[PDB]
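Worksheet for the structure shown next.
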Amino acid sequence: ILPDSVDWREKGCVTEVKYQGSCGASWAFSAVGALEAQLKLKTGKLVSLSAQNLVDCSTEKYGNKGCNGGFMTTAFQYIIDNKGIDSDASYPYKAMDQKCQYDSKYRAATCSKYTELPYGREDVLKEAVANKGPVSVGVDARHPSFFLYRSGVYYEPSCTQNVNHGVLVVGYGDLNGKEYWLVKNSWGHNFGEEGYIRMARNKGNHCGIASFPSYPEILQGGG
Ligand SMILES: C[C@H]1COCCN1CCCn1nc(-c2ccc(Cl)c(C#Cc3ccc(Cl)c(CNCc4ccccc4)c3)c2)c2c1CCN(C(=O)C(N)=O)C2
């Protein structure tokens, strides 16, 4: 059976909330967040990964445009191809497009593979959050109510399943019966609940939370 509630912050799998600023690189933050959890699960160490490394290096060849958008799946593919990603400390975030400055000397994580989940399947997303860890997702975050979100379970009747902002699902639960997905955003700690947004769960793919989910993996050999 799946636990009724999950919070990956309780297992020390979630780094501090980041502030993307005037750079449309939510995709890079969503991708690093998911891999940070895997790095902790596999080694026991929590280290922030370089979103800047994705912005500057996972570019045209990955269908990404740095500060003008991108995708978590192709960000994972770049990490696979590159044989690593630098730590955030070694390659810091500047909220702007720069020349690729990857340095294998400061590589903090690898990626073996990535898995995409079926569209709108909140049951499959719940299973992946429980058994695999934090899942990279897109959400419809265009509505004034998302921008004005302070606390509780976010429900927007005007929300669509067409995603426009990359976030990280780090858990799930319920607020006195109102089911939610625990979401890590990249708008700093002053957004919502210390940088988190709890979004309506099992409400017909509310805001397209389960439209395009993906998660990376770090494999330990094989048999
Ligand atoms: C095209 C091929 C080739 O190349 C690599 C892989 N690829 C993607 C294939 C799968 N696939 N994956 C996503 C997907 C997954 C995750 C995210 Cl995050 C986004 C996004 C976005 C986005 C869209 C518009 C804007 Cl303007 C912005 C910028 N942010 C604006 C903003 C809004 C609200 C608050 C703040 C900022 C981001 C999109 C989508 C799709 C299919 C079409 N999509 C939709 O039908 C939808 N839409 O569901 C979106």
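The way I read the labels, and the way they are meant: chains A, B, ... in the order of the structure tokens, residue 1 as the first residue of every chain, and ligand 1 as the first ligand shown, with later ones counted on from there.
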
TODO: Could you give me the residues within 10 Å of ligand 1, counting only C-alpha atoms and all ligand atoms, as a PyMOL selection string?
DONE: chain A and resi 23-28+30-31+60-64+67-75+116+119+136-144+146-147+160-167+187+207-214

TODO: Tell me which protein, DNA and RNA residues are within 10 Å of residue 105 (chain A), counting only C-alpha atoms, leaving out same-chain ones fewer than 3 positions away, and put them as a PyMOL selection string.
DONE: chain A and resi 86+90+102+108

- [ ] as a PyMOL selection string, please: all residues of region 23-97 of chain A that backbone DSSP puts in strand (DSSP E or B).
- [x] chain A and resi 24+49+68+85-87

May I have the selected residues written with N, CA and C atoms, as a PDB file, in the first residue's frame?
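Wrote it out as out.pdb, contents follow:
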```
ATOM      1  N   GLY A  24      13.812  32.971 -16.851  1.00  0.00           N
ATOM      2  CA  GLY A  24      12.811  31.935 -17.059  1.00  0.00           C
ATOM      3  C   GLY A  24      13.431  30.554 -17.154  1.00  0.00           C
ATOM      4  N   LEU A  49      22.469  21.301  -6.768  1.00  0.00           N
ATOM      5  CA  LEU A  49      23.085  21.139  -8.078  1.00  0.00           C
ATOM      6  C   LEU A  49      22.917  22.405  -8.907  1.00  0.00           C
ATOM      7  N   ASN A  68      14.899  31.709 -21.369  1.00  0.00           N
ATOM      8  CA  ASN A  68      13.657  31.805 -22.151  1.00  0.00           C
ATOM      9  C   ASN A  68      12.939  30.444 -22.269  1.00  0.00           C
ATOM     10  N   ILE A  85      27.002  16.824 -13.724  1.00  0.00           N
ATOM     11  CA  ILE A  85      26.545  18.190 -13.442  1.00  0.00           C
ATOM     12  C   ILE A  85      27.347  18.727 -12.256  1.00  0.00           C
ATOM     13  N   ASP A  86      27.772  19.993 -12.335  1.00  0.00           N
ATOM     14  CA  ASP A  86      28.509  20.652 -11.261  1.00  0.00           C
ATOM     15  C   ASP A  86      27.611  20.982 -10.087  1.00  0.00           C
ATOM     16  N   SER A  87      28.204  21.143  -8.906  1.00  0.00           N
ATOM     17  CA  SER A  87      27.447  21.552  -7.725  1.00  0.00           C
ATOM     18  C   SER A  87      27.076  23.034  -7.918  1.00  0.00           C
TER      19      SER A  87
END
```

Task: From A:123, A:188, A:183, A:149, residue lying nearest residue 203 (chain A) [only C-alpha atoms] - done: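 For residue 203 (chain A), the nearest of the candidates is A:123.
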
TODO: Among the residues of region 3-175 of chain A, find those DSSP assigns to alpha helix (DSSP H) from the backbone and print them as JSON, numbers by chain.
DONE: {"A": [26, 27, 28, 29, 30, 31, 32, 33, 34, 35, 36, 37, 38, 39, 40, 41, 42, 43, 51, 52, 53, 54, 55, 56, 57, 72, 73, 74, 75, 76, 77, 78, 79, 80, 81, 82, 122, 123, 124, 125, 126, 127, 128, 129, 130, 131, 144, 145, 146, 147]}

TODO: Quick one: everything within 8 Å of residue 15 (chain A), counting only C-alpha atoms, minus sequence neighbours fewer than 5 positions away in the same chain. Send it as a VMD selection string.
DONE: chain A and resid 33 36 46 to 48

Output file for the residues above (N, CA and C atoms, as a PDB file, in the first residue's frame):
```pdb
ATOM      1  N   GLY A  33      16.342  19.849  -8.760  1.00  0.00           N
ATOM      2  CA  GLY A  33      15.653  19.458  -7.539  1.00  0.00           C
ATOM      3  C   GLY A  33      15.388  17.969  -7.473  1.00  0.00           C
ATOM      4  N   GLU A  36      18.826  16.163  -7.098  1.00  0.00           N
ATOM      5  CA  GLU A  36      19.334  16.400  -5.738  1.00  0.00           C
ATOM      6  C   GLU A  36      18.807  15.352  -4.768  1.00  0.00           C
ATOM      7  N   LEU A  46      23.212  15.506   0.750  1.00  0.00           N
ATOM      8  CA  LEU A  46      22.376  16.520   0.133  1.00  0.00           C
ATOM      9  C   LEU A  46      23.258  17.679  -0.307  1.00  0.00           C
ATOM     10  N   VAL A  47      23.305  17.927  -1.621  1.00  0.00           N
ATOM     11  CA  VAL A  47      24.079  19.032  -2.193  1.00  0.00           C
ATOM     12  C   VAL A  47      23.264  19.640  -3.345  1.00  0.00           C
ATOM     13  N   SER A  48      23.149  20.987  -3.344  1.00  0.00           N
ATOM     14  CA  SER A  48      22.437  21.738  -4.379  1.00  0.00           C
ATOM     15  C   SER A  48      23.198  21.607  -5.694  1.00  0.00           C
TER      16      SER A  48
END
```

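The space separating CA of residue 22 (chain A) from CA of residue 170 (chain A) comes to 24.3 Å.
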
- [ ] Compare A:155, A:93, A:196, A:215 by their minimum atom-to-atom distance to residue 128 (chain A), counting only C-alpha atoms, and give me the closest one.
- [x]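 When distances to residue 128 (chain A) are compared using only C-alpha atoms, the smallest one comes from A:215.
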